[PDB]
Amino acid sequence: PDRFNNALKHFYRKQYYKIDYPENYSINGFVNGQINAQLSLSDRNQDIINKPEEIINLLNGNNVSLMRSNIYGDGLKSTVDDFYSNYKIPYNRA
Amino acid sequence: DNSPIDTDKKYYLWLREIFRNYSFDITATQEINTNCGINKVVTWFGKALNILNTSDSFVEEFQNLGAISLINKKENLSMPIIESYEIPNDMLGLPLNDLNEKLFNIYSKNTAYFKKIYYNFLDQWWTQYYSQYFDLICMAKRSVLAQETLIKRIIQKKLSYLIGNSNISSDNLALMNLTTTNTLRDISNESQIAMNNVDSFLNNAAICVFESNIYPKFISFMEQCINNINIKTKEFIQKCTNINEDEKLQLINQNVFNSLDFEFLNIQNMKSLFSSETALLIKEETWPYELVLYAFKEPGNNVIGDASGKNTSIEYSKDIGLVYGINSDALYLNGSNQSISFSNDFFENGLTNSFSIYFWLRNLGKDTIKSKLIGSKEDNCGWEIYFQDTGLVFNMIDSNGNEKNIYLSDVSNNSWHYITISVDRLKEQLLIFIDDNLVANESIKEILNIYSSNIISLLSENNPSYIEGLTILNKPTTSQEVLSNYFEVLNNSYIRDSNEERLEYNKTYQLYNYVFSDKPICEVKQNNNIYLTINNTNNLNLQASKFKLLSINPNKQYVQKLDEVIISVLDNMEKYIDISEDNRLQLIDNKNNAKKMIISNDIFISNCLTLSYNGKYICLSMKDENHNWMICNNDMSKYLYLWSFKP
Amino acid sequence: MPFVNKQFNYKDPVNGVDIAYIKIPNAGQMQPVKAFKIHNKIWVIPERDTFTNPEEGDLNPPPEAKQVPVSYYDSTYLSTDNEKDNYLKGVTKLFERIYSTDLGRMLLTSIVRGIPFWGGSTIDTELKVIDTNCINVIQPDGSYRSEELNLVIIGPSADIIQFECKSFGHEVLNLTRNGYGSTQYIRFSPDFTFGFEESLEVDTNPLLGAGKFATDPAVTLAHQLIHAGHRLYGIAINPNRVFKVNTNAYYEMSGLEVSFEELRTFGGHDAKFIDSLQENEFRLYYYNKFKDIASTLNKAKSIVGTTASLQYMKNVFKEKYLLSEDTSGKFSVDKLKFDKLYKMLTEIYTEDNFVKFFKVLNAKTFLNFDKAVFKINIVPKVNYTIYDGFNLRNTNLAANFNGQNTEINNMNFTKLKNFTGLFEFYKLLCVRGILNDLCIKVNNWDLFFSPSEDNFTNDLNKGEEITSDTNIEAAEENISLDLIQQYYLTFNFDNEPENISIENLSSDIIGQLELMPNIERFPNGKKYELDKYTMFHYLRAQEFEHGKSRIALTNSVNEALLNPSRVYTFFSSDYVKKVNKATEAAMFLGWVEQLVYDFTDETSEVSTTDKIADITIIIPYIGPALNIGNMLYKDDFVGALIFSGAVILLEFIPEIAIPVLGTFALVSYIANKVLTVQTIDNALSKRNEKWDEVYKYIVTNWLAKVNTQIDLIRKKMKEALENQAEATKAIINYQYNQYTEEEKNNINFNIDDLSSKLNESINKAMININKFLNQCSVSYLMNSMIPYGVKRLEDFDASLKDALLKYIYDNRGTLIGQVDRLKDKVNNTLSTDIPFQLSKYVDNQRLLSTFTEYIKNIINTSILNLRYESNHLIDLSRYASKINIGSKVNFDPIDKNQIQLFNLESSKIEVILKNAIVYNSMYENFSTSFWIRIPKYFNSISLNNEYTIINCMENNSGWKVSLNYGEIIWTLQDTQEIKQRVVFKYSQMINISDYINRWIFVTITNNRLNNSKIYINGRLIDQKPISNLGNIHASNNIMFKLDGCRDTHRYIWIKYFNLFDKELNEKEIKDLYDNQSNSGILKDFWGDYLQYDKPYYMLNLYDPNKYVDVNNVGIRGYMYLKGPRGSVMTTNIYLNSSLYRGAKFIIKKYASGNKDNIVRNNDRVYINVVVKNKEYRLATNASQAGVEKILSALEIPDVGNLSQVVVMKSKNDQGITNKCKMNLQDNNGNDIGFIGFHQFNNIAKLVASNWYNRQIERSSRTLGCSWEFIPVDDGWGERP
Ligand SMILES: [Ca+2]
Ligand SMILES: [Zn+2]
C-alpha cells in the first residue's frame, strides 16, 4: 500500500487470510503471486474488535434513528495542536 | 414475468446479460471539461456516496461546482510563518565586486526559500486535501465491492437453485458450475476496471484542487513576500555609500524578483506522484497479455518462452527449428510430427470473457484439405483455425451446437500475413483482420458457451509453416490497434522481398514494378548497348532478367533502409547497372563505373522498395518502342517508384 | 508540349486554315460564323449559339422557368469582340489545364482519334463520309473547303449556365448509340461557374472556409468532354434510360431528371447507382455495335470522296476501335481489347477521377445541388492558372481550397442573381391545428431522393447450367490512380489521324440535331396535410429575416414558426436564457466570450456508447435539431438509437428485395472422370460468385436508397448549425448597437472575428456529425440489409450441397475411388460463409485511410512548418513563407535540421509571415511546437537574466518564447498591455537531469476562451488562464535570435519548429512527440544521432550513479559498473553528477552498408573499449558455464573466435527517449543475449544474458539492459 499506509485502519476494514508455509508461500513468495494466490479466509475475521472513532446517527424528520454507521480511526496519536500555523520554514540552512 | 429458467441454455442467456449489464453499470464514465482540463468521471459516484446527489445528475453538478465540491472541509490552509527579511548593515559600504557577489548569495538563498515554501504548501495539500480524496477513493472502491458482492450472490443463488431442483443433465450442471466460476472472475476483472476509474478520476480531482485552490493561495503569499523583499532590497541599495548612482540602478535591477521566480507548478509532476513501484507492478501483473510468445537461438539451443508474466506453461517438440521472420525468430513447424502447446486457465474461455488472438503466419501452401492449425477444443466446444483451400477457416462452437464457420480467402501464398481475431462479449462482436484489412465483422450474439480446455494447441497439420509473435489477450482488439501493431513491427529497418522475407545481398531475385506486378524486368539492346524494360508483348520471349544486390561491405548480409547498393545481373558475364545521360538504366561491363544507389521503402507498403541516385528516384518510363524503360526521373506518378524483388 | 500551339486573338483576320468563317450543318440557311481551329479536329466558335438550332434562336428568358435549381439569363453576354476574345482565351486555357493532367492528356487524345465513322455509304463495297460530320471553311478567295471535324466548342444558348453536347443525326442511324459517332457541339462558357456547399472535407481540412465554394470550370468542361467522348465512339447510353424516383410522398422530390449516361459520366458513387446486370447489358450492346463496324469495314472494297487511300482510312478506324487484323486483312473485335477500351471511356474518364487529378473542391455527388451562380474571369494568371486553377501555389489561396471559397477569394467571384426564383418549385407542407394550419414551402432540391424500385433489376433468381467448360468471370477490380497509370504508360500518343482532302460538300450542309425526348414538367406546389411537425418545419423554424428588431431564441418550435422575431434552438434552455438577456455594456465582452464557449460546448457534445457494435459515438442534439424520430429529451434519441439501431434516422425504410436464388443444374458426363470433376469445381466457383453478386447488389441498393438519406440529414445538420450561429450573432450584434457611442468606443468588437470563431466551432461539430453519420449508414448496411442477402445465400448453399452430392453419388461409377474426397470438398466448401467486406465494394472504407485523414488533419493545420530540405531551410506549409537566414546561423552537418543560434546579431533566422496568417484576434486558438537543447548555465551572469529566443511581438502585443536560468517561458500580450506568462522550471542541482543540455520537446497551446498550456516531452506541465486577454495582434514576422542574453558564450540548438492554427490536444501532442523522435536512429545521451567512431562514456539506466570500468584488460579480466560518480559544481549555479567518469565505448562499423557514421536501428557492429587511452575489443567466451556471460576487453588482434558482433537497438523512453540496447551475437548468428550486468560477489560485472531476450520490452522502468552513450559536449563541459 502506497498512500497513508500507516493510517489504513481508517480507510479500510481488513479481512484476514490464512497463509500456510510452504503451500501458499515459499522462498519465491506467494505461490502464484500476490494477486492470484489462493488463500483461505481466516475463521478469526469474526473475532476482530470493532471500536468506531465516531458513529453517524441518521434520523428522519421525526427525530427517530434510521441507521447507525461506523467510522474507524487510523490508530495514530493526535495534535496537539496545529503544526502548520506554528512552524517556521528555516531561512538559514544550518 | 418470464417462465422460470429450466434449460442450461436459458441459464447462460441469463448469466451473460447479467454480466454485460453489470459491466455497463460499473465501468460507466463520462469525460468532462474542468478548470484544469478533461477528466474521466465515474458516472455513478454521486448515487453511490450521496455526493452532489441532490441533483438529477451528479456529472453536470460536478462539472458546475468543480473538484473542491466533493469534500467536506474546504479551507484548511495555514499561511506559514516566515523569517523576515533584513539585509546586514555591514555591507552598506562595500565595494561593487564584493557587494555584487554577496547579493548573489542572498539571491540564491531566497529562491531556495521560495521552493521550501511551495513544498510546505504541497505537504498541506496532501495532508489536508488529498487525504479527503483518498477517503472518497476508498469508500467508492468499497461501494464497488459491495455491489459486486450483491451480483455474485444473485448469480450464486440462481446456480445453486438450478442445481438444487431442475431436470438439467448432471453433466450439464457440471459445465454450468465450471463456466459460472469463469464468469465470476470476469466480473472481478470488470470491477477492477471500475476501481481504476475511481482512482484516476479522484486523483485528477485532487490535483485540480491543488491548481485551482491551494496553488493560488501560494501565489498570493509569494507576491506579498517578494514585494516586501523587493522593497527592502531597493531601500538597502540606495543606502549604499561606496557605490555610485549608475551602479545602484544596475544592482537593483540584478536583484529584483518577479512572479516567474516562484511559479513552480508542474502538472506532470503532480501526476507522477501516484506512479509508484506498486502502481507499476500492478499494471504489469494485470495487463491484457495472457500469452506472448518469444523465441531466440542460443548456442546449441533454441529458446521458446512466454513473456506475458502469467501462468502459461509451454510444451513443445525438442527439434522445432527457428527462422528469422518479420521482426524476430519464427517457429518452423514441419507439418508432420511437430507441435507446440500453451496452457493457461484463461484459455478455456467460457460464456462471458473476451479475447484476441494474433500472430504472423507464413504457409508453404500445398493441399486444400481442412487441417488443424491452432485452437482450443474440448468436448467439441471452443475455437479452431484451420487451413482450408487457399485460405484459413475460423471456427467457433458452443455447447449448444451453435457455430461460426468463416472462410478467410487467399492466405497461403507463401507470404507472411498478420492474423488478428477479436472476440468481444460486451458488444457481441467478432472481428477478423488479415494484415491491414478487416476481413470479417460479425455478430456473435448467437454463440453462448465456448468453454474449452486450458490448452491451446498449435499443430499445423499437413502444412509446414512459420509462426511468429503469437499472442493471446483477455480483451478485444480495435482497428487502430491492429494497424499500429502491424506497421510498428514492420519497420525495423529491413527491406523485404515480394514475400516480406528480408531482402538479402548476393541472392538472386527477379525485379517487378508495383504497377505491372506480373511483368518482370527484362534486358534489351538498342545501339550496341543494353537497357532494362518490361514485356508488354505477351510472350515476346524476353527472358526474365536475374538480379543480385551487392554491398561495399563483404560482411553485410541483409538489406536495410538507406543502404548503398550495387545492382548486378547474370547474362553471359556479370553486368552492373549504370545511369545514362538520358536517365535510362543500362547494364554495363565494368563494376567501377557501376552507380551506387540508395535503397529504401515505404512504411505502408510492406513487400516493396524504392531506389534513388543523387535524390533522383527510379521508375518506369512512358511507352516507347513499345517498351517501358527503367529511368531515373522524379516527375512520374508515385506508384511507379515502388518495386519488389521476387525469389 | 501545349495542346493549342497558336495563341489566337479574336480580331485576327481570317486565313482560311485555322481562322475562318464556317458553315455548320443546319436545317435551313445558316449565317457563317467566325471560328478557330485550336487543335486538329477541334474548333472553337466564340458565339452565343443561336445557329446550332434555329428553332431556339432567342436569348431571352423563357415564359416558364426551367425546372433546374440554377439558371442565368443575359442576352448581351458575348455580343462584343472583347468578350469573344476573352471566351477564346478562357476556353483555350481550360483545354491546356486539362491537357496538363495525365488523365486529361489521354481524354484529349482519345477525342482527336475518335473520328466519326464513315457510314455514309448505302453500298457496302464502298466507304463514304457522313456529311453532318463536316464543316465548310470559307477561304479569302470566296471559295469554301469541306473539312471533317470531331469537336466544336460554342457559346451557350439563352440559359448561360446550361452546358451540353449537341450533334446532328441521320435519317435512320443513331450515331451516338451505334458506335459510329458524330461531330460533337458543346455549349460552354468559361465566364461563369456554380456555387455549392461542402461539409465533408472538414475531416482532413478543419479550417475549411465558410459559405459557398465555386466549381472549377475545368471540371465542368472535362465533364462535357467525357460526354463528347462517348458520343464520338458511339457508346452513349440512350437518353430514355433514366433513373426514376418516387414523387408521391410529402418528403420526396416533386421530380428529378437524371440519366444513366450522366450517372456514368459523374463516376464515383453516382455511377454505382447502376446495377451489374444493366452495366453488363450496355457493355455487350456496344461490343456488338463494334463487331458490326468490323464487318462493315471488312466488306468495303473501295473509298469515295477523298484522295486518301482505303488502306489509310481502314487503319484510322482500326486505331479508333482497337480492331484486331489477321494476316489477310480481316477485322474483328477482341473481347479483351474491347473491354479495356470501353472501360477507359466509361470508368476512367469520369468527373470523379478528374477531381482527383485537379485536386479541387467539387460536389461528391449530383445530389449536392448547385446553390448559386458566379461571374468569373480565368484569363489573367493572377486569377486562375493552368497548374493550380483558382488555388494559387505559395499563397493563402493554396490552403483548404481557399481559392475556391467565394468569400475569401471574393475578387474572383461576383454573385449574380439566380434566375430560378425563391421557392420557384416546391411542395407545401402543413401541420394540422397544433390555432389553424401553419404551412411552409419546401424547395424541391431540399427534399429526399427516393429511387424507384424498378431501377434495380437483377437476374439473381435465374438458375444456371454448370458445365465442364463453364468458366469464371474475373474479379472486376476497382478503379485506382495506379490502374490509371497503367493505361497512361501504355497509351499511344504518336498517331493522330491526318486532316485529309475530301470531296467538296454542297454550299449548305443539310441536317438537324438529334431529337431529345420530351420530359413532363413535374407538378408544382403539391399540398400535404400532416399530423406532426416534420424535419422541414424544425429546420425552417431556425431561420429569420434581417431587420432592426431584436430576435430571441426559443425552445418552442411552435412559437418560432409563428413569430418572425422568434428563432428555434436545439441548445439547452440555459443557453436560451443567457443569449436573450439584456446585457450591460460593461459585461458585453465577457458575455460574448461565454456565448462562444457555450456554443462550442453544446455543438461539440459527443456521447460514447459501449453497448452496440458498429456505432461508437452519438451526437445527441441531432434529435431536437431535426426532430429525428420523436418525443422530448435528447436522452430519448441516444436511447432510441441504442435500442432500435440506425433505422430511426431514415425518412423512409428502403425496400431491399432479394429473391430465392436460381439454383445450379449440372450436366453429367458419362464415363468421363475429368469432365465430371471439372463440372463440380465450376459449380463451386460460380457459387463464390453468387455471393459476390448478391453483395454488390445490396451495396448498390444501399448507396442509392440509404446513404443518400444520410447524406441529406448531414447537409441539413450543417444548415442547422449555421442558422444557430447566424441567430446568436444577430442577437449579439443587436445588443452592441444598443450602446452609446462612448460605450462602444470602449468595447473593441469585431463581428468578423466572432464569425470566424463560430465557423471553426461549426467545423469541429461537423467532424463529429460526419463520423457519427458514416457509422450510422454503414451500420444499417451491415445489420439491416446484408443479412437478408446472407440468408438467401445460405439457402442457396444448402440446395447446391444436395445437388452436388446427388451428382457425385449418381456418378459414383465414373468417380470411383474419388467419392469420399469429393464429398469432403463439397461439404467443407459449402458449410462456410463468405464474409462481407465493405472495403471491397467502395472506396472510402479502407482502414488505413482513417489514419491517413488524421495525418492530413494535422498537416493542414500547420501554418508554418520549418524544415531543412535540399540545400535550404524553408517552409513546407502551403503558405510558403519566406525565410531569411543570418550569416552566423550554424547547421549541424550530420543532421541539418539541427540549428545552432549563438549570441550574435548575425546568428538569427527570420520568417516573414504571409498576411493571411499573421495572428490578429480575440478568439482564435493557436499552438506552437519545437525541440530545443539548452547548454548548462555555467556562470552567475545567467542568474536572473531572461532573454528572448523566438519573438512574435509587435508594439508590445503578440507571443514570444524566452529562456532564463532553469526556465523555458511563454508570454502572451494583448494590445492593452495585459499579459500572461507560463513557465517550465528545471533545476541545475540534480544528480542527472532529464533536461540540462538535452533535446527537449516543447509544445504550447492557446485556447482564447480558456487557458494557455505548456507541455514538455509530450506531457502537460503548467496551464494559465488567458480569457481576460483582449485582442492579440502579433508580428508580421517571427524572429529566432537571442535577445537580451548577457552571457556572451550562450547559444541554443533548435529544430522542427511548427505553428498550428488550432489548440493541439493531448493525443495529437503525444503523437507529434513520438513521430518526431526519429525512432529508426539511435541517440546519444544528449539526444543527438548516435555515431560510429565517436568515444562515449557509459551509463546504465538501472543504476545511473554507476559508471563502467575495467578491472583488468584481457580474457582473465572483466568490465564492471563502479561508483560513486562523484560530482561537478559551480556554487549557486549547478551541482551535478560527473558524466565523464569511466571507460569509453567506441562503436565501429562491421556490417554497415554505407558511410554516414550514423548508427541505425539493427546495425551490426563491433564495440571498442578505451582503457588508459588505448583501444580494445568488447568480447566474451559464451562457452563459460551459466547464462550470464561475463564481458571482457581484449587485445584487438587476440579476439579470435570469441563472441563480438553486437546488434544495436533503439527503444522509446519516457521523458528521455534515449534508450539504447545491445544484443550480442556469436559468429553463427546465435544470440548470446543483451548487454547488461549481474552481481558476482559484490561486483557488478557487464554481462550478455539471454534472460533479457525472454522479457517483454518495457518492464518496470528499471531494465539493466538499457544504456546511455555520453559524448563530450560543449554544452556540459566538465574536465575529462
Ligand atoms: Ca420565426
Ligand atoms: Zn453531363
# chains A, B, ... in the order shown; residues from 1 in each chain; ligands from 1

$ select_by_dssp --residues "stretch 585-616 of chain C" --states "helix (DSSP H, G or I)" --output "list in words"
residues 585, 586, 587, 588, 589, 590, 591, 592, 593, 594, 595, 596, 597, 598, 599, 600, 601, 602, 603 and 604 of chain C

$ write_last_selection --atoms "N, CA, C and O atoms" --output "short mmCIF file (atom, residue, chain, number, x, y, z; two decimals), in the first residue's frame"
data_model
loop_
_atom_site.label_atom_id
_atom_site.label_comp_id
_atom_site.auth_asym_id
_atom_site.auth_seq_id
_atom_site.Cartn_x
_atom_site.Cartn_y
_atom_site.Cartn_z
N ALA C 585 -23.33 47.19 -20.98
CA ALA C 585 -22.15 47.40 -21.81
C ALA C 585 -20.87 46.89 -21.15
O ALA C 585 -20.02 46.29 -21.81
N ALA C 586 -20.75 47.13 -19.85
CA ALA C 586 -19.54 46.73 -19.12
C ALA C 586 -19.33 45.21 -19.09
O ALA C 586 -18.21 44.74 -18.94
N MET C 587 -20.42 44.46 -19.22
CA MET C 587 -20.36 42.99 -19.25
C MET C 587 -20.41 42.36 -20.65
O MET C 587 -20.38 41.14 -20.77
N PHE C 588 -20.47 43.19 -21.69
CA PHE C 588 -20.69 42.70 -23.06
C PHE C 588 -19.65 41.72 -23.58
O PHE C 588 -20.00 40.68 -24.15
N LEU C 589 -18.37 42.04 -23.42
CA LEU C 589 -17.32 41.17 -23.94
C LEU C 589 -17.31 39.82 -23.23
O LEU C 589 -17.26 38.77 -23.88
N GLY C 590 -17.36 39.84 -21.90
CA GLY C 590 -17.40 38.61 -21.13
C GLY C 590 -18.63 37.79 -21.46
O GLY C 590 -18.59 36.56 -21.43
N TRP C 591 -19.72 38.48 -21.77
CA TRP C 591 -20.95 37.85 -22.20
C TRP C 591 -20.74 37.10 -23.51
O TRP C 591 -21.17 35.95 -23.64
N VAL C 592 -20.09 37.76 -24.47
CA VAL C 592 -19.83 37.15 -25.77
C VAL C 592 -18.93 35.94 -25.59
O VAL C 592 -19.17 34.88 -26.18
N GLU C 593 -17.89 36.10 -24.77
CA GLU C 593 -16.96 35.01 -24.52
C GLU C 593 -17.73 33.79 -24.05
O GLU C 593 -17.54 32.68 -24.55
N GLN C 594 -18.63 34.01 -23.09
CA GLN C 594 -19.42 32.92 -22.53
C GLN C 594 -20.29 32.29 -23.59
O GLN C 594 -20.43 31.07 -23.63
N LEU C 595 -20.89 33.12 -24.45
CA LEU C 595 -21.75 32.61 -25.50
C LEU C 595 -20.94 31.74 -26.47
O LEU C 595 -21.37 30.65 -26.85
N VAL C 596 -19.77 32.22 -26.86
CA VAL C 596 -18.89 31.47 -27.76
C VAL C 596 -18.47 30.15 -27.13
O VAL C 596 -18.38 29.12 -27.80
N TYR C 597 -18.22 30.17 -25.82
CA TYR C 597 -17.86 28.95 -25.12
C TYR C 597 -19.05 27.99 -25.10
O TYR C 597 -18.93 26.83 -25.48
N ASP C 598 -20.20 28.49 -24.66
CA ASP C 598 -21.38 27.65 -24.55
C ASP C 598 -21.74 27.06 -25.91
O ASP C 598 -22.11 25.88 -26.01
N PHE C 599 -21.61 27.88 -26.95
CA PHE C 599 -21.90 27.43 -28.30
C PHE C 599 -21.01 26.25 -28.63
O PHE C 599 -21.48 25.17 -29.01
N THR C 600 -19.70 26.46 -28.47
CA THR C 600 -18.73 25.44 -28.81
C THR C 600 -18.95 24.18 -27.97
O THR C 600 -18.83 23.07 -28.47
N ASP C 601 -19.30 24.37 -26.70
CA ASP C 601 -19.54 23.27 -25.80
C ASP C 601 -20.71 22.42 -26.27
O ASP C 601 -20.58 21.21 -26.42
N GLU C 602 -21.85 23.06 -26.51
CA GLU C 602 -23.05 22.30 -26.85
C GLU C 602 -22.99 21.59 -28.21
O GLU C 602 -23.51 20.48 -28.36
N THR C 603 -22.35 22.23 -29.19
CA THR C 603 -22.21 21.65 -30.52
C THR C 603 -21.09 20.59 -30.61
O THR C 603 -21.04 19.80 -31.55
N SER C 604 -20.20 20.59 -29.62
CA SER C 604 -19.10 19.63 -29.58
C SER C 604 -19.46 18.38 -28.80
O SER C 604 -18.68 17.43 -28.77
#

$ residues_around --residues "stretch 736-751 of chain C" --least-positions-apart "2" --cutoff "10 Å" --atoms "only C-alpha atoms" --output "PyMOL selection string"
chain C and resi 548+582-589+592+729-734+753-757+921-922+1030-1031

$ residues_near_ligand --ligand "ligand 1" --cutoff "8 Å" --atoms "only C-alpha atoms and all ligand atoms" --output "PDB file with C-alpha atoms, in the first residue's frame"
ATOM      1  CA  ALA C 541     -38.116  27.365 -37.607  1.00  0.00           C
ATOM      2  CA  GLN C 542     -34.411  28.096 -37.255  1.00  0.00           C
ATOM      3  CA  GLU C 543     -34.475  30.914 -39.811  1.00  0.00           C
ATOM      4  CA  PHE C 544     -35.062  34.654 -39.570  1.00  0.00           C
ATOM      5  CA  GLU C 559     -43.518  29.752 -31.183  1.00  0.00           C
ATOM      6  CA  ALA C 560     -40.639  30.039 -33.638  1.00  0.00           C
ATOM      7  CA  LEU C 561     -42.761  29.135 -36.656  1.00  0.00           C
ATOM      8  CA  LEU C 562     -45.444  31.602 -35.551  1.00  0.00           C
ATOM      9  CA  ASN C 563     -43.320  34.707 -34.948  1.00  0.00           C
ATOM     10  CA  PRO C 564     -40.707  36.443 -37.139  1.00  0.00           C
ATOM     11  CA  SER C 565     -38.716  37.520 -34.076  1.00  0.00           C
ATOM     12  CA  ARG C 566     -38.560  34.014 -32.628  1.00  0.00           C
ATOM     13  CA  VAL C 567     -35.910  31.535 -33.759  1.00  0.00           C
ATOM     14  CA  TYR C 568     -35.962  27.900 -32.599  1.00  0.00           C
TER      15      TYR C 568
END

$ residues_near_ligand --ligand "ligand 2" --cutoff "9 Å" --atoms "only C-alpha atoms and all ligand atoms" --output "PyMOL selection string"
chain C and resi 163-165+220+223-224+226-227+259+261-266

$ write_last_selection --atoms "C-alpha atoms" --output "PDB file, in the first residue's frame"
ATOM      1  CA  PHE C 163     -23.832  23.173 -70.811  1.00  0.00           C
ATOM      2  CA  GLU C 164     -24.415  20.197 -73.080  1.00  0.00           C
ATOM      3  CA  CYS C 165     -23.299  18.116 -76.035  1.00  0.00           C
ATOM      4  CA  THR C 220     -17.145  21.396 -65.871  1.00  0.00           C
ATOM      5  CA  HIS C 223     -17.430  16.705 -67.724  1.00  0.00           C
ATOM      6  CA  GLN C 224     -18.720  17.672 -71.168  1.00  0.00           C
ATOM      7  CA  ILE C 226     -16.396  12.988 -71.405  1.00  0.00           C
ATOM      8  CA  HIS C 227     -19.916  13.053 -72.865  1.00  0.00           C
ATOM      9  CA  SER C 259     -29.954   9.828 -66.925  1.00  0.00           C
ATOM     10  CA  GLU C 261     -25.413   8.486 -69.194  1.00  0.00           C
ATOM     11  CA  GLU C 262     -24.989  11.310 -66.682  1.00  0.00           C
ATOM     12  CA  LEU C 263     -24.564   8.797 -63.854  1.00  0.00           C
ATOM     13  CA  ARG C 264     -21.911   7.022 -65.916  1.00  0.00           C
ATOM     14  CA  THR C 265     -20.131  10.319 -66.563  1.00  0.00           C
ATOM     15  CA  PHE C 266     -20.084  11.596 -62.958  1.00  0.00           C
TER      16      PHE C 266
END

$ residues_around --residues "residue C:305" --least-positions-apart "6" --cutoff "8 Å" --atoms "only C-alpha atoms" --output "PyMOL selection string"
chain C and resi 128-129+502-503

$ residues_around --residues "residue C:134" --least-positions-apart "6" --cutoff "10 Å" --atoms "only C-alpha atoms" --output "MDAnalysis selection string"
chainID C and resid 23:25 116 146:150 182:183 502 505 509
